[PDB]
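For reference, chains read A, B, C, D, E and F in written order, and residue numbers begin at 1 within each chain.
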Amino acid sequence: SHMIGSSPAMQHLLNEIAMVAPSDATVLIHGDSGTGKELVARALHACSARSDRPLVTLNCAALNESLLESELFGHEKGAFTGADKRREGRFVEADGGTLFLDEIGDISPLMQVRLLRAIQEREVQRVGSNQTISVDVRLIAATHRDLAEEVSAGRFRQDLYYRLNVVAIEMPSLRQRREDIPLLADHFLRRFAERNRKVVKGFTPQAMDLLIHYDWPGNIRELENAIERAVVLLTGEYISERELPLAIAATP
Amino acid sequence: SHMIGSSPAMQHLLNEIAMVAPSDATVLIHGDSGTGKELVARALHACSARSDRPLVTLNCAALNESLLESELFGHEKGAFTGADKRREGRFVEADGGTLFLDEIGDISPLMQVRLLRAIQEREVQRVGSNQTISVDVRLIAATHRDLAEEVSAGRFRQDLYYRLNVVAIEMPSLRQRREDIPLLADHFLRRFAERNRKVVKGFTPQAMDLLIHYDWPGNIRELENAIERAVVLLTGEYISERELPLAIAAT
Amino acid sequence: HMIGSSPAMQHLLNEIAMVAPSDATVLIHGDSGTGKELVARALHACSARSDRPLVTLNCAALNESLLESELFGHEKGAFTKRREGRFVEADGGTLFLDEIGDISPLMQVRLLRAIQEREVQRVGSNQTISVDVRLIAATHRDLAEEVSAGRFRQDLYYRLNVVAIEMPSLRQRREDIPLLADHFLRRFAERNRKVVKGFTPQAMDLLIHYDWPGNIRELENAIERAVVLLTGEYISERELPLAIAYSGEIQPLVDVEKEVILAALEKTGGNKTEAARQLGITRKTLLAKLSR
Amino acid sequence: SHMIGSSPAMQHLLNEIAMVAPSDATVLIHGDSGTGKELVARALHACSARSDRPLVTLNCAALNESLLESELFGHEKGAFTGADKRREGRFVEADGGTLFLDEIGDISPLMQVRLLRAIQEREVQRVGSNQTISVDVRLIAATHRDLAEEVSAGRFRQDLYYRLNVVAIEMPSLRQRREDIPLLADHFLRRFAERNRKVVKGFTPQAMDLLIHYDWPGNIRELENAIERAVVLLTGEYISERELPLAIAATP
Amino acid sequence: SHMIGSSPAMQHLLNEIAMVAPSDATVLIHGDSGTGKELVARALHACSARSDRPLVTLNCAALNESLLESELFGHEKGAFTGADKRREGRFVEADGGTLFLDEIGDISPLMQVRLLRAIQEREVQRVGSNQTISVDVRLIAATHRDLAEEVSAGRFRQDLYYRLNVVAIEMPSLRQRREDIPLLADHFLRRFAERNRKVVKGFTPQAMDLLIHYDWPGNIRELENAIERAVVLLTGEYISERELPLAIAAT
Amino acid sequence: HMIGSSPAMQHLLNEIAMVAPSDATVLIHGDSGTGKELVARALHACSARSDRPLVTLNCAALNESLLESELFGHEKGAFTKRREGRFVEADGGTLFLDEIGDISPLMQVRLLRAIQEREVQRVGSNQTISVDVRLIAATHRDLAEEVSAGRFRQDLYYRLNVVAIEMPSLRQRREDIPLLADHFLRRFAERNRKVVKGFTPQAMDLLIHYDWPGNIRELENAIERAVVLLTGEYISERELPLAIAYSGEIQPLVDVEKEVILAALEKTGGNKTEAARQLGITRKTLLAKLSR
């Protein structure tokens, strides 16, 4: 619910969130997977104007056109595989708050089309009747693809694109924030040292160095794996070079 | 007269819109996506005669053959996708009104046949019965496709092509209307400066000059975004060059 | 109704009358855009089921299913409340199937059985009903071609290609166009309560030499557009659809000049100086005028 | 309900039907489409031992795996698209008679499999319960494909094949029976002359000659088209050279 | 002892069939289609111990993933394909019996998993519930496929492969059993000469000689047909060379 | 239960104990055919949810759907009468998912969410249930490889590949085989009430040098076959499955002779006469013996 910051790139990013977050503008978070995009969504909601109002958030990852539609929009008893107990929806659930859809770069056209209207004109029809149901949400999308490319590739639309990529933040990699790793590191060292009830404290100066120096391709995701691993493997108190994943040495 | 007025092209379009609009003739509005087809629709609606009636309008965008069939036409208990209270339809809904179907270019073949039946002989069955509901609608249609090529490539059929493309209107691209840009600009500058409670007013002559020679590719849509962005970044009063998207506008 | 007197159009009438007498099946061939439905209407009119109803459906796109039904019919509580059928609907009549070259295989088999031995089951049960229908069907598709490709089958094909009428294109009946043209100019001047009357000899001249690809449908469109736009009394060149006019639509100075300064070039062996001289402009200019 | 016969090949064929028809053997009629295979099925049923018992006959042409199953076998109220009024079936309907399936060369595997058991062991389960329902039918299949090929192509099975191709008759083309055409010809000349209520009688010696000499690729199917055509076109009494399809002259 | 007896191979097979049959071990009968796998199944059934119980048997031939699931296992109201009275199943049906699944080689993956569950841990859910019905079945399986290659090609999985192919029996092809042919022949010659009320008896030494050196490709199935045909053509008493299929037997 | 003492097998135990303590997720890698399920059982046994139940499902083939359900569960009247779920079923326990490298994408996303933040919705509604499960999952698939190919995803992968145990092959643990071998020889001699006891040093010798591809499963099969067939007291070479023996299975005279008469040939420079002479047969014979 915060971040481990400054290193140059890390700073710039903080600068942007600060500047932009004031409520109305939709926001597109771009960057490879592995870096706290979620977090940067968090930081957005927090820093501007609806810091007290809810922060709805779903991940469109792989839910099929159908499920997604419903989950996003609304839905009543008349839906084809046996469940009848009207579901509100998320956009609504956020009405007057903040919606955060993650991994948007692959929604089906149709959903692009809907998602558009969603944003275009405050309305939101439930999966069913003309429940024109207007709403008022501040949107924040995230993805790791070249939306611009998707557009030209013809898999994604201008209209939606041009309505999402209003204010764009670009997520720097773990590598672009060496300076944090250590501190970031300790953070998990503590979560899991506890989760396994293991007494652990401190990295040996050697490991922290390789740590500070590696963790590229799955930035946090990667580190967070590499640590939890050490603590579970650790027979003593300080995680060392031989408690870290092979790709520690396997990289030089 | 909704849209930000004249520049030659922009003048020729109101000129077309005016001559054409007395009800009966179907209209096909063709043009790069990103410009005011929709408004042009409304304006068409407005100006001519059924100005009092409602303006039904549906976007064919990506509605499966099925949902569109129903969405457009009729369907009572039949569909069977869960709860079937009856859905009247859109054509009917417009009856004695005006219908606007956007993005009609990718509709499935069968839908072509049907749509043509709705234009050819004013009746309108429904997704199920021989409920031949007669309607009388002014049809207005848009696409960003070269209907003709589609016709020739075998994906869209002439009969329909020839009953939609009776009286054609080419939306002009933003670039084909520089003279407006500025005027268009200010317009967005007011809406967003209001939407953000920001005290903004004016564009530095420099900034304005660029806006004036770009905003090609995603005509209004892109402009519209390029300005809101600028209002949202603006620290002070007049949006300038360093508040516009870097984005190859000057690159 | 059919307007005609030009050789082709004449021959076609000759054919209609000849063949009309009821028993034989009649397949109509020709680009869409010309009165095939009418030619079927005409057929229907001419010999002896003149009084009976004229069932007619267009196989358009109809999914195999709805087509099967519409065509034969499930009169018994199959899908859960009933439709008789169209063949039956014509029993003792004349059936007109349109755009028949895209019916699926299954359908081809069925349609044939129904042509081969007068019966017509209904979908999914053995409701062995029997009929007698005069068949008239037409398509814009090279049936043979469909056969050899294997998307259509001989049996049906040979039972359909019994009596052949080839609908002629407008380009093949110029002489009519004006008469035709006038016909539409009358309908839409009325439908729009505009007071139009006549084509400028110029317009009418283009109309007589074009109107090809969508034979009647495209002309019908062309005029209708023309009356809708007309702000005066005679429809003229600048009311007919662009397509009817290197070309005759305005093209940009910039381009036309490069077109000119390249011709001059060609006619002086690439000698710029001379080109410019005759062109009445500085060598430096021509250099630019085309390096724009 | 008879045939126009002898020309050599035409004779041989008659010889086979005569010889084979005695009831039990299944029979496979091979030959291009266009020649009276149906008829030869007829002649079979007629000439041997169940000439008084029914002659059930369906064409498997294009009915989908489902419809076919049902139509062939039996079926009760529990079938998926709304019709409940138990259907008997055909094999049954023939029980103790003669079944004639036409254009078999394309049934789906599954149907091959069933059709097999059908023939293998007299039973026939209705599309539903264990309606083991034995039966006793004499089978006669027809097709225009190289069943032998289909087998090797792997689209059809040995077991079924070897149970259908017990006694095989090969259908000669119209061309292999010149001698009949004329007489065959007259036959239709009469059907349609009547069906159109047209007074017609006789071919001009010239047409009958081209007739006797053409009509290859869609043997009867073809002729039967070419005639009906003449009568409908005929303005007089004898069909001539200019009443026959273009492919009359279009062939030399 | 159903089948027409010995020739070396034919002797080695009864020899296998005899040693193997005391209930517990699963058997995989492999061989060109066209020979007596089925009988070999029966014989297996017969000879060993559950000789009194019924011999359930289903052919997996071409039953969609779905129909086979149910056909093999359980399914109550669930399936929903029309009328759902409950279908017990085949495994259960054999419970304390013997199951024979022919043509098991093309069954879908999921079916592999399931089938293995039925062999691995004797329970058997049904198409729907957690109705863990325990059964105890002797399994017997046939195919004309090289399970191994299939395993290696990734279309069939080892675990199952290794619980079916415990004790393998290679059906020998007709050619691998000349010594029988004659005996086999007479057998069909009696059934068909009876089926046709024909007074037939014997094969000319010539005819017999050929039968003896052919009938390869479609082992019994082909022979079986080649003889019925001959009885059906026979005009007189002893089937001879000109009563057998031309068919490349001597070509 | 697990039988062992050979280096690899030893190392594996060493790993199990080391890692067992509950919090961390454990992914098991290794060709199918070796005790991965057991290794999971062992894991489960060793540190602190020793007493709680051990939910375990094998993702086998299960269609996306039934898997989704089985795995999370629709406890609310979705499909029309209920199933809780398997994650829940383990809440405060240890989950064992088997063959996890073929779960679909959607599933990958879900499984992850369920690993990432302890909740578990149920299919189609927002029944936001929360849990805590120790995860143990295994597959015979090169996860990385699946990632780079794009059929599997990093996020999940990096959350699964936390703690890695590589199940070793039999070929890598020969020393066990006999001990192992004896174990099965005991089960099936019993299950068939046969009185077997011991392997001929010959058989046991082959067993020790083979049993590869289906590690334990193929050995388990091999023996079982051997006891079923044994008509005597010691299982021997000629009771083990063919595959365990150019080769060692009888091959036909005809072939072996051509094999011999070609060697002789090779060793006399293709001189037939000589080949035959040494071969003790007429030149004319050799000519035939291989032109068969």
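In this section, a contact is a pair of C-beta atoms (placed from the backbone, for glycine too) under 8 Å apart; a residue touches a chain by one contact, two chains touch by 3 or more.
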Between C-D and A-B, the pair joined by more C-beta contacts: C-D
Centre-to-centre distance between chain F and chain E (centres being mean Cα positions), rounded to whole Å: 29
Whole-Å separation of chain centres (CA-atom averages), chain D against chain E: 34
Geometric centre distance via CA averages, chain F-chain A, whole Å: 39
Neighbour-by-neighbour ring order, given that chain D leads and chain E comes next: D, E, F, A, B, C
Complex contact set, residues of chain C against chain D: 18-19, 21-24, 76-80, 104-106, 108-109, 113, 124-126, 154-155, 158-159, 161-163
Footprint of chain B on chain C - complex, ascending: 32-33, 58, 60-63, 83, 191-192, 213-214, 217-218, 220-221, 224-225, 228-229, 231, 241
